[PDB]
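Working notes for the structure below.
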Amino acid sequence: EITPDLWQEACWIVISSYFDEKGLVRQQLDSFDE
Amino acid sequence: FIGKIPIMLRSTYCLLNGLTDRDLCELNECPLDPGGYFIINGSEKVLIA
Amino acid sequence: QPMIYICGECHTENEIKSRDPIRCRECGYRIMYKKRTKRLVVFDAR
Amino acid sequence: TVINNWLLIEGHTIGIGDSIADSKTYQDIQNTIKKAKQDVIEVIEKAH
Amino acid sequence: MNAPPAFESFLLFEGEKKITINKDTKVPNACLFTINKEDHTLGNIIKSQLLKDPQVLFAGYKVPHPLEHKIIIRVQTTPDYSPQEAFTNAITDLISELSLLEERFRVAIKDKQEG
Amino acid sequence: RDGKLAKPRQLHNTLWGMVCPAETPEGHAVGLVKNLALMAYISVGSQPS
Amino acid sequence: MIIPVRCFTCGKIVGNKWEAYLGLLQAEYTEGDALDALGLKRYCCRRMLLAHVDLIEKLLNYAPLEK
Amino acid sequence: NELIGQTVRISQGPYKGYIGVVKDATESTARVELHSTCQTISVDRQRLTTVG
Amino acid sequence: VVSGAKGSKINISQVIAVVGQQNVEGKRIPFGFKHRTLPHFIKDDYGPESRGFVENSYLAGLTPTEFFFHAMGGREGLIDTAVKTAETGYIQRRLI
Amino acid sequence: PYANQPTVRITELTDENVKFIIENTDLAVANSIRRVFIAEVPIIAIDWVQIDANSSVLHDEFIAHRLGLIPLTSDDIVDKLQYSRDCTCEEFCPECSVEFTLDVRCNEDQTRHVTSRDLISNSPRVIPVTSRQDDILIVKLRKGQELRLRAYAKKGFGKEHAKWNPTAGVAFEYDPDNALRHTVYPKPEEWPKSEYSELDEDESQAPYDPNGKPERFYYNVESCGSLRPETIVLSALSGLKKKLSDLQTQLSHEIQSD
Amino acid sequence: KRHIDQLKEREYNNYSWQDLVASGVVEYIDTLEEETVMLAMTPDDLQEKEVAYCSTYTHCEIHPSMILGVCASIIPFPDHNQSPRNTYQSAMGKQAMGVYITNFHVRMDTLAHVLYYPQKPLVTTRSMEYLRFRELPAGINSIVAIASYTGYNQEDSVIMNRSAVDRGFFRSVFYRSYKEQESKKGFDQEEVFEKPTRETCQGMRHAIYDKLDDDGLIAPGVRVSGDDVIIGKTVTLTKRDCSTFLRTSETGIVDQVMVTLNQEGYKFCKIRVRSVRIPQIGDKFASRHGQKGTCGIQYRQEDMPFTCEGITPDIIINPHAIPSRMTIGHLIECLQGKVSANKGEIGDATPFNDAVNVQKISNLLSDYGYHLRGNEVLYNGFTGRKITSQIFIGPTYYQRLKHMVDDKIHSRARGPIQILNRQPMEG
Amino acid sequence: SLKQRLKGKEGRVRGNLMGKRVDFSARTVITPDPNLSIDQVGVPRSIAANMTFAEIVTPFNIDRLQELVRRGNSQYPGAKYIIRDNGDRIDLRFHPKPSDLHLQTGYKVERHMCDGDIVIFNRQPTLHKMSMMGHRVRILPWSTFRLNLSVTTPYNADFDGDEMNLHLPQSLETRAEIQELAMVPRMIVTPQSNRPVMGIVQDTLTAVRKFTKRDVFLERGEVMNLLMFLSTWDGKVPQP
RNA sequence: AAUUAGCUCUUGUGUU
Ligand SMILES: [Mg+2]
Ligand SMILES: [Zn+2]
Ligand SMILES: [Zn+2]
Ligand SMILES: [Zn+2]
């Protein structure tokens, strides 16, 4: 179902998930590993 | 044998790869250290993109 | 005469004479830390 | 020296309260901005 | 590096007079008291008490520099009343004030502690 | 550096969500040294076959 | 790093309330209620405990330099 | 001079109880670097007491 | 402001009323993309907010588009300082 | 030209604070009493630290600074001790200092909490505030870490260092209803009533009094635990009186020679 | 709601960001493809049914405040400031004193600064949750009052509370590491760590060598100052003194000494010396909104103005710093600090929220017995009299920049000379 | 090459002849001080004790110079070198024999900088003539340069990390030149635009605007408190 | 009384 106006929680949950999956130095580590 | 290549810290070929925070603390390595830099002559070097 | 050094790994105090290789008796470590001075130290609580 | 020593009695500051209108000037500002937007839209459509 | 020691705020060194009097030459019956190693704590009360006296034409105090621990009090009184006796009368009045207040506080503390 | 050109130093419109619009040195290299945004990522590359 | 002994602004002892603050927090108390139950009225003291990070706990994880 | 390089303790005055190291001294006074403060002071030898 | 110690009338206007139009190189915000300043707008939009007009005040806060436009406007001041200092120092040296 | 007659009324008295009201005195006297409350009240605090072995995660100066801020119960020893600058002795004697010792070693795997009860005083009448809620935490030690030190505590007041500040908070206030217009509210309807306001809920501030002077000062002195608040007030009054008396003696000496 | 639920119970199940990508909900758009797409700033506001503007959106932003960088995302209410102020704050955030790493006790780094009591900001952005700022903060929440007290803070300067500083406020410690190794300089030239003796050295100054022990090295805990030898190194020609010296005007305490062998097996020692720094006047302090300043004077607690209770400002800043610099975000952060402290919860200053504004914060503050605009009635510290103008005051997060005055004071009177042109040296 | 050694900037002509590094110079951070006159600069004790000034011995001032030489280089108001008229210099940091401490008429003493000394105060972006004015030294406890606020405008100073430079003239002729030419009060009006370069800035201006309003009234006590701060007051209280 | 060249980063001037 849609998320009407209860959207700040989801908006920051997705960002927290992103930053848990990928850190802050992802580009350098990925480039060196490749 | 060809030569030695420095390794970016916290990479796939770094000794500190996938270790838990307990192991890092046991190795006197901060778990909050982001890695992503080389150690040349004991100095931390970073590459600007 | 001897200088007391502390190993970084096994923490065991070991004595090394001057002009000797820097190595721990066990665990073969290379890094040694010097012990605290024996002279008095006074700090004002300010 | 004299003015600085009198300022110890008078005092001087700046805060949030000095950046607030009377809620009636806000209406005037909003109406002016709306009129400007309508005028610009009219000019744009007349150009079109 | 250049930090002054804390005790310099209140300790007198060798050759330092606690209080110095200089007779002002601009107007008659005017004098300057130079108190060393003090601050507004004494200056404010001394000035207030001097102002309470109806025989004082002028009573003021100032700290020349907040980093220099000294205050200057200027007192000018009517003729037949030297500023020195005005200053010492103010000090006596302050002493009486504080002693009376202290004993009244003692009595009231006793009263509170005994219902 | 020390170049009279000013167009590369400016903040282009296309630097939205890619580069921080506020973090830059204030010395002689203003606008020439930049920082990645929070969610920005850099492609590592792949075979086109 | 460690909880200061005294509040910076007024000087009230606040160094003996960190453990009590943690206990109240783990006892399902809101931060404000825990702070006012610890007798912290002025907000100068409240910010001392509310906005404090205890880095000594992370420091104690590292092995001692000498044993 | 005997006093140079000696760990001294100030015995009198406002600086009573502070230990330090004498750097330069004369027949009247001495210069002491303090262990507790990042400054060097000048103190009379009458207020000084060598410790160890 | 009336004492002249600091600030001006436009400062009060921007703090309370409205920040106003942002300008780069003396003109409105250019079409950095193809016929639009930002992807959030449609192609060939010459409206006020689309080309870099800030309708909010510093008290009310800036929306993301006008925030980025304000950053664009403010960059030019630092750039102009960094180039003008070195440009005018040489002129002054030649004069002296 | 003579001193006025103040009156005192204590409205609350506990083991931590004293609230009272002073009447028939000038503002200068009230403010100076406040400043003497904060700054010039003698009290006992640690001022000399010697560390024998510190293997903690905090360096020596950090430990000394934390120790200096620990309050010590000094209620009657304050007037009995002498300032270390005035005591004619070599090395701190018990007449001008109090000795503390600390020796903590963490052997068990559990963390050790070096707190104030680990300070061992040699004088029963001067101890940290643990006479009768945990302690002021000093250090946390891991296994194999030790801390051995000895300290001397001396006498001083807050003007030298804030560790000798006895008061935790002085809530000075006069004229709760703005009758004297000492402060001007641009919109008086936007301000909360004062705690000591004898004003009805209708109006915000009292009518102007053209001929009036500050009176009826309200104090709420809250102590940090070393001196009892009533003792704080009494000692401050005595100290201010003594300073004035010394000034009077110096003035008399200066005048009798001039 | 299905994806949001599954992502909420993550780290229990195995749903993650990569699974969100595989479901075809988010997509990586590069700057070249951004040219041909249509972004909606926020879902609810820019995708409902109103006056038809576009109605053909293809993508939506996750959160607008993700356009900022690492340093710029720690600014509270950055959309209320002037852009150059945000740039200055982004620059000065990299100079703020604080715990740069947890294991700073093992790293023999050069020029390490670390503060005693860092504090989590009372008002924070959500973005800095992922920057680990709540776990390694740099700065302290201080009761800042914006007023002109005496005139010692008139032009971008601040007045500090001396009594607060005595209680460890902004006190810090600065480390410095010296490295030195013995090397085979030649067949006849060979350095060695050994205490020089007054009977075997030709080239030698009055430098005292009894401070260091017989191993040729200083001992930890030994107080050192300028022109003191730490490592006694003498090289044979009888010998030439090549011993290292402490930098002029340092005056620290030897923190630790480490001895080992380099890659080629020679002895090599690194020595770390610490020094306690007190916030004296001349030290540089900066806010989170580009309001940098230097301490002008320090007043004790009795001298500073006070509220109805015994609350006194820790730092007083001049009003004139505000109007010309458009740091309204600084004022808003100060106002919300009072609400956060009284209510007892860390406030939120996300750059683009629309759920937080000045009116709601003022209404919240009015419930705790304070003025809704944050003003308070201050009493003069010296005379005890009320100030006719109510003073804005509240808790604000300040940082201590690394630029201390003692590292910049310098003077010369006929010192060393250059070799090519006989002129005074540089530095 | 030899051409590169003197070609342009950092060369001999521009980097070593038209501009050199000079002795008797100091550089520190500046902080405000409203309790100093516009022609005064507050310097720390360490800088004053580090850089010295040479004074000729005369019968008028032989006792003071002898006392300063006796004080040595440890105590601040002392000396550092004593230069004999035959060109020989004796260092006072090595505590020499008391025979050398004896000084006669023709000698020179390098005494520490004291109160009243004339210095040149400079901010590096020297744009106009008023960026190198002259000031009188006053010793102050902490380690920053303190100067009056009204003189922050000609220097374009900001008190937010700015560092300024102090040069100490080493001769009587130079001191007289600076005193009669480049002192601060002598440079209030600029020739560039025949108008003052020094005004009332910051909160003093705001407070003087609020203070001269029609509705500002003062009681006797505050009037006396304010009159205590007038240097040129004649001691007469005006009729209210 | 113990050297230099190069590079990098950073500080102040970014006001109306
Ligand atoms: Mg500046
Ligand atoms: Zn070992
Ligand atoms: Zn508090
Ligand atoms: Zn004794």
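By order of appearance in the structure tokens: chains A, B, ..., then residues from 1 within every chain, and ligands from 1 in the order shown.
For residue 257 of chain K, the list of residues within 9 Å, based on only C-alpha atoms (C1' of nucleotides) and with local chain neighbours fewer than 5 positions off taken out, reads residues 32, 33, 34 and 35 of chain C; 217, 218, 219, 220, 269, 270, 271, 272 and 273 of chain K.
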Go through the chains and note each residue within 9 Å of ligand 4, using only C-alpha atoms (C1' of nucleotides) and all ligand atoms, then give the set as a PyMOL selection string.
chain J and resi 81-97
Could you report the residues within 9 Å of ligand 3, using only C-alpha atoms (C1' of nucleotides) and all ligand atoms, as an MDAnalysis selection string?
(chainID G and resid 6:14 40:48) or (chainID J and resid 168:169) or (chainID K and resid 310:311)
Within 12 Å of ligand 1 (counting only C-alpha atoms (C1' of nucleotides) and all ligand atoms), which residues show up? I'd like them as a ChimeraX atom specification.
/K:88,155-157,284,290-294,321 /L:29-31,123,152,155-164 /M:11-15
Which polymer residues have any atom within 12 Å of an atom of residue 228 of chain L, counting only C-alpha atoms (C1' of nucleotides), with same-chain residues fewer than 3 positions away left out, as a ChimeraX atom specification?
/D:1-2,5-6 /E:32,47,58-64,71-75 /L:221-225,231-237
Produce a file of the selected residues containing N, CA and C atoms, as a JSON list (two decimals), in the first residue's frame.
```
[["chain", "number", "residue", "atom", "x", "y", "z"],
["D", 1, "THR", "N", 35.44, 55.02, 26.28],
["D", 1, "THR", "CA", 35.35, 54.55, 27.66],
["D", 1, "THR", "C", 34.00, 54.87, 28.28],
["D", 2, "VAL", "N", 33.54, 56.13, 28.15],
["D", 2, "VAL", "CA", 32.28, 56.51, 28.77],
["D", 2, "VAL", "C", 31.12, 55.73, 28.17],
["D", 5, "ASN", "N", 31.10, 52.08, 29.23],
["D", 5, "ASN", "CA", 30.69, 51.87, 30.61],
["D", 5, "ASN", "C", 29.20, 52.13, 30.81],
["D", 6, "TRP", "N", 28.59, 52.99, 29.99],
["D", 6, "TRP", "CA", 27.14, 53.13, 30.06],
["D", 6, "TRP", "C", 26.43, 51.94, 29.42],
["E", 32, "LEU", "N", 41.92, 60.94, 45.98],
["E", 32, "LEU", "CA", 41.91, 59.68, 45.25],
["E", 32, "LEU", "C", 42.52, 58.59, 46.13],
["E", 47, "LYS", "N", 31.43, 53.00, 47.44],
["E", 47, "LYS", "CA", 30.81, 54.11, 46.72],
["E", 47, "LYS", "C", 29.37, 54.32, 47.16],
["E", 58, "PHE", "N", 30.75, 64.21, 45.77],
["E", 58, "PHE", "CA", 31.06, 63.30, 44.68],
["E", 58, "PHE", "C", 31.70, 62.05, 45.24],
["E", 59, "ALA", "N", 31.27, 60.90, 44.74],
["E", 59, "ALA", "CA", 31.84, 59.62, 45.17],
["E", 59, "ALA", "C", 31.75, 58.65, 44.01],
["E", 60, "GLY", "N", 32.90, 58.24, 43.48],
["E", 60, "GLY", "CA", 32.90, 57.30, 42.37],
["E", 60, "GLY", "C", 34.07, 56.35, 42.48],
["E", 61, "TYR", "N", 33.99, 55.27, 41.72],
["E", 61, "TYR", "CA", 35.07, 54.30, 41.68],
["E", 61, "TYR", "C", 35.20, 53.74, 40.27],
["E", 62, "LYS", "N", 36.39, 53.25, 39.95],
["E", 62, "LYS", "CA", 36.61, 52.62, 38.66],
["E", 62, "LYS", "C", 37.78, 51.66, 38.74],
["E", 63, "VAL", "N", 37.78, 50.68, 37.85],
["E", 63, "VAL", "CA", 38.88, 49.74, 37.68],
["E", 63, "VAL", "C", 39.62, 50.15, 36.40],
["E", 64, "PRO", "N", 40.85, 50.64, 36.49],
["E", 64, "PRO", "CA", 41.53, 51.15, 35.29],
["E", 64, "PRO", "C", 41.68, 50.12, 34.18],
["E", 71, "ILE", "N", 41.83, 49.32, 42.07],
["E", 71, "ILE", "CA", 40.68, 50.19, 41.88],
["E", 71, "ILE", "C", 41.04, 51.58, 42.38],
["E", 72, "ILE", "N", 40.35, 52.58, 41.84],
["E", 72, "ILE", "CA", 40.56, 53.97, 42.19],
["E", 72, "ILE", "C", 39.22, 54.57, 42.59],
["E", 73, "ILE", "N", 39.16, 55.16, 43.78],
["E", 73, "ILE", "CA", 37.95, 55.76, 44.31],
["E", 73, "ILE", "C", 38.21, 57.25, 44.49],
["E", 74, "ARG", "N", 37.39, 58.07, 43.85],
["E", 74, "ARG", "CA", 37.47, 59.52, 43.97],
["E", 74, "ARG", "C", 36.37, 60.01, 44.89],
["E", 75, "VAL", "N", 36.77, 60.76, 45.93],
["E", 75, "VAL", "CA", 35.84, 61.28, 46.92],
["E", 75, "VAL", "C", 36.04, 62.78, 47.04],
["L", 221, "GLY", "N", 24.12, 58.86, 40.77],
["L", 221, "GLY", "CA", 25.14, 57.84, 40.95],
["L", 221, "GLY", "C", 25.76, 57.38, 39.64],
["L", 222, "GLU", "N", 24.92, 57.12, 38.64],
["L", 222, "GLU", "CA", 25.45, 56.70, 37.35],
["L", 222, "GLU", "C", 26.19, 57.84, 36.66],
["L", 223, "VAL", "N", 25.76, 59.08, 36.90],
["L", 223, "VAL", "CA", 26.47, 60.22, 36.34],
["L", 223, "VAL", "C", 27.88, 60.29, 36.90],
["L", 224, "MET", "N", 28.03, 60.12, 38.22],
["L", 224, "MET", "CA", 29.37, 60.10, 38.80],
["L", 224, "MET", "C", 30.18, 58.92, 38.30],
["L", 225, "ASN", "N", 29.55, 57.75, 38.17],
["L", 225, "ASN", "CA", 30.26, 56.59, 37.67],
["L", 225, "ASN", "C", 30.79, 56.83, 36.26],
["L", 231, "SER", "N", 38.99, 61.35, 31.09],
["L", 231, "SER", "CA", 40.37, 61.74, 31.38],
["L", 231, "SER", "C", 40.51, 63.26, 31.44],
["L", 232, "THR", "N", 39.71, 63.98, 30.65],
["L", 232, "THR", "CA", 39.84, 65.43, 30.53],
["L", 232, "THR", "C", 38.82, 66.18, 31.39],
["L", 233, "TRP", "N", 38.14, 65.49, 32.30],
["L", 233, "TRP", "CA", 37.16, 66.15, 33.15],
["L", 233, "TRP", "C", 37.84, 67.14, 34.08],
["L", 234, "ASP", "N", 37.16, 68.25, 34.34],
["L", 234, "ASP", "CA", 37.69, 69.29, 35.22],
["L", 234, "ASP", "C", 37.20, 69.16, 36.65],
["L", 235, "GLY", "N", 36.43, 68.13, 36.97],
["L", 235, "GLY", "CA", 36.00, 67.89, 38.33],
["L", 235, "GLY", "C", 34.75, 68.61, 38.77],
["L", 236, "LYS", "N", 34.07, 69.32, 37.88],
["L", 236, "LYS", "CA", 32.84, 70.02, 38.21],
["L", 236, "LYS", "C", 31.65, 69.26, 37.66],
["L", 237, "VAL", "N", 30.69, 68.95, 38.53],
["L", 237, "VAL", "CA", 29.46, 68.28, 38.12],
["L", 237, "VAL", "C", 28.52, 69.31, 37.51]]
```
Using only C-alpha atoms (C1' of nucleotides) and all ligand atoms, determine which residues fall within 10 Å of ligand 2, then list them as an NGL selection string.
:C and (6-14 or 23-32)
Could you save the residues just selected, with N, CA and C atoms, as an mmCIF file, in the first residue's frame?
```
data_model
loop_
_atom_site.group_PDB
_atom_site.id
_atom_site.type_symbol
_atom_site.label_atom_id
_atom_site.label_comp_id
_atom_site.auth_asym_id
_atom_site.auth_seq_id
_atom_site.Cartn_x
_atom_site.Cartn_y
_atom_site.Cartn_z
ATOM 1 N N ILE C 6 59.280 -3.173 27.928
ATOM 2 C CA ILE C 6 58.030 -3.917 27.965
ATOM 3 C C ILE C 6 57.642 -4.272 26.538
ATOM 4 N N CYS C 7 57.397 -5.555 26.294
ATOM 5 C CA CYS C 7 56.937 -5.992 24.987
ATOM 6 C C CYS C 7 55.520 -5.496 24.729
ATOM 7 N N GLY C 8 55.245 -5.167 23.465
ATOM 8 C CA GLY C 8 53.919 -4.699 23.105
ATOM 9 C C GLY C 8 52.893 -5.804 22.982
ATOM 10 N N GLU C 9 53.337 -7.034 22.726
ATOM 11 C CA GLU C 9 52.417 -8.147 22.513
ATOM 12 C C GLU C 9 52.169 -8.942 23.795
ATOM 13 N N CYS C 10 53.227 -9.500 24.384
ATOM 14 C CA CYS C 10 53.083 -10.338 25.567
ATOM 15 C C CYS C 10 53.205 -9.563 26.872
ATOM 16 N N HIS C 11 53.565 -8.279 26.813
ATOM 17 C CA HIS C 11 53.533 -7.381 27.970
ATOM 18 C C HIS C 11 54.537 -7.779 29.049
ATOM 19 N N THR C 12 55.469 -8.671 28.725
ATOM 20 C CA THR C 12 56.426 -9.181 29.697
ATOM 21 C C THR C 12 57.667 -8.300 29.712
ATOM 22 N N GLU C 13 58.002 -7.778 30.889
ATOM 23 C CA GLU C 13 59.198 -6.956 31.036
ATOM 24 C C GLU C 13 60.436 -7.812 30.820
ATOM 25 N N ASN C 14 61.317 -7.365 29.932
ATOM 26 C CA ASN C 14 62.554 -8.076 29.652
ATOM 27 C C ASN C 14 63.726 -7.104 29.636
ATOM 28 N N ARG C 23 64.562 -7.600 20.398
ATOM 29 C CA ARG C 23 63.604 -8.675 20.204
ATOM 30 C C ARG C 23 63.206 -9.231 21.562
ATOM 31 N N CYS C 24 61.959 -9.679 21.650
ATOM 32 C CA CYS C 24 61.406 -10.230 22.878
ATOM 33 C C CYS C 24 61.829 -11.684 23.034
ATOM 34 N N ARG C 25 62.026 -12.105 24.287
ATOM 35 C CA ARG C 25 62.476 -13.469 24.550
ATOM 36 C C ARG C 25 61.474 -14.497 24.043
ATOM 37 N N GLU C 26 60.186 -14.260 24.260
ATOM 38 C CA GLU C 26 59.129 -15.040 23.641
ATOM 39 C C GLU C 26 58.415 -14.175 22.610
ATOM 40 N N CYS C 27 57.616 -14.834 21.770
ATOM 41 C CA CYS C 27 56.734 -14.236 20.764
ATOM 42 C C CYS C 27 57.499 -13.424 19.721
ATOM 43 N N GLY C 28 58.824 -13.346 19.853
ATOM 44 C CA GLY C 28 59.685 -12.745 18.851
ATOM 45 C C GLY C 28 59.313 -11.347 18.396
ATOM 46 N N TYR C 29 58.744 -10.542 19.286
ATOM 47 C CA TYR C 29 58.276 -9.224 18.890
ATOM 48 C C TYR C 29 59.448 -8.256 18.745
ATOM 49 N N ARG C 30 59.213 -7.181 17.989
ATOM 50 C CA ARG C 30 60.253 -6.208 17.681
ATOM 51 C C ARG C 30 60.041 -4.843 18.317
ATOM 52 N N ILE C 31 58.849 -4.553 18.828
ATOM 53 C CA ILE C 31 58.518 -3.237 19.361
ATOM 54 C C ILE C 31 58.524 -3.302 20.879
ATOM 55 N N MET C 32 59.309 -2.429 21.504
ATOM 56 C CA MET C 32 59.430 -2.371 22.953
ATOM 57 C C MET C 32 59.140 -0.959 23.437
#
```
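The residues of chain H lying at most 8 Å from chain L, with only C-alpha atoms taken into account, are residues 26, 31 and 42 of chain H.
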Prev. selection, N, CA, C and O atoms, output as a short mmCIF file (atom, residue, chain, number, x, y, z; two decimals), in the first residue's frame:
```
data_model
loop_
_atom_site.label_atom_id
_atom_site.label_comp_id
_atom_site.auth_asym_id
_atom_site.auth_seq_id
_atom_site.Cartn_x
_atom_site.Cartn_y
_atom_site.Cartn_z
N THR H 26 72.22 31.70 40.33
CA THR H 26 73.31 32.60 40.69
C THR H 26 73.52 32.56 42.20
O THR H 26 72.95 31.71 42.89
N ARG H 31 66.58 29.95 38.64
CA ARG H 31 65.52 29.79 37.66
C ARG H 31 65.03 28.35 37.69
O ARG H 31 65.82 27.41 37.52
N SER H 42 61.44 32.59 38.58
CA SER H 42 62.64 32.97 39.30
C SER H 42 62.33 33.00 40.79
O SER H 42 61.40 33.69 41.21
#
```
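Neighbours of residue 9 of chain E closer than or equal to 9 Å, with only C-alpha atoms (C1' of nucleotides) counted and sequence neighbours fewer than 6 positions away skipped, come out as residues 37, 38, 68 and 69 of chain E; 159 and 160 of chain J.
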Atoms kept (N, CA and C atoms) for selection, written as a PDB file, in the first residue's frame:
```pdb
ATOM      1  N   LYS E  37      44.951  45.265  44.581  1.00  0.00           N
ATOM      2  CA  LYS E  37      44.519  43.874  44.694  1.00  0.00           C
ATOM      3  C   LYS E  37      43.088  43.768  45.220  1.00  0.00           C
ATOM      4  N   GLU E  38      42.198  44.567  44.633  1.00  0.00           N
ATOM      5  CA  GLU E  38      40.771  44.502  44.907  1.00  0.00           C
ATOM      6  C   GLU E  38      40.012  44.641  43.596  1.00  0.00           C
ATOM      7  N   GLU E  68      44.517  44.457  35.361  1.00  0.00           N
ATOM      8  CA  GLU E  68      45.317  45.014  36.442  1.00  0.00           C
ATOM      9  C   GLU E  68      44.446  45.098  37.685  1.00  0.00           C
ATOM     10  N   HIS E  69      44.874  44.433  38.755  1.00  0.00           N
ATOM     11  CA  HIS E  69      44.052  44.282  39.955  1.00  0.00           C
ATOM     12  C   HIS E  69      44.274  45.479  40.867  1.00  0.00           C
TER      13      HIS E  69
ATOM     14  N   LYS J 159      38.146  32.665  44.037  1.00  0.00           N
ATOM     15  CA  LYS J 159      38.826  33.648  43.202  1.00  0.00           C
ATOM     16  C   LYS J 159      40.134  33.102  42.649  1.00  0.00           C
ATOM     17  N   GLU J 160      40.749  32.145  43.342  1.00  0.00           N
ATOM     18  CA  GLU J 160      41.993  31.562  42.856  1.00  0.00           C
ATOM     19  C   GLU J 160      41.720  30.456  41.845  1.00  0.00           C
TER      20      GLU J 160
END
```
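Residue neighbourhood of residue 238 of chain J, excluding near-sequence residues (fewer than 3 positions): residues 98, 99 and 102 of chain E; 233, 234, 235, 241, 242 and 243 of chain J, at 9 Å, using only C-alpha atoms (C1' of nucleotides).
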Residues of the last selection are to be written out with C-alpha atoms, as an mmCIF file, in the first residue's frame.
```
data_model
loop_
_atom_site.group_PDB
_atom_site.id
_atom_site.type_symbol
_atom_site.label_atom_id
_atom_site.label_comp_id
_atom_site.auth_asym_id
_atom_site.auth_seq_id
_atom_site.Cartn_x
_atom_site.Cartn_y
_atom_site.Cartn_z
ATOM 1 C CA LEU E 98 27.577 43.353 58.194
ATOM 2 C CA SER E 99 27.754 42.504 61.903
ATOM 3 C CA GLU E 102 25.130 38.387 60.469
ATOM 4 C CA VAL J 233 26.291 32.632 54.218
ATOM 5 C CA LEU J 234 27.785 33.174 57.676
ATOM 6 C CA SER J 235 31.347 32.617 56.454
ATOM 7 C CA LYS J 241 33.566 42.098 57.322
ATOM 8 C CA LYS J 242 37.180 41.009 57.832
ATOM 9 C CA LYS J 243 38.249 42.409 54.458
#
```
When the cut-off is 9 Å and we count only C-alpha atoms, which residues of chain K are near chain D, given as JSON, numbers by chain?
{"K": [145, 146, 147, 148, 149, 150, 151, 318, 319, 320, 322, 323, 328, 331, 332, 335, 358, 372, 373, 374, 375, 380, 385, 386, 387, 388, 389, 390, 391, 392, 393]}
If DSSP is run on the backbone, what residues of segment 243-305 of chain K are strand (DSSP E or B)? A reply as a VMD selection string would be ideal.
chain K and resid 245 253 to 261 267 to 277 284 to 286 293 to 299
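Distances to residue 56 of chain G were evaluated for K:194, K:135, K:302, K:367 using only C-alpha atoms, and the minimum falls at K:135.
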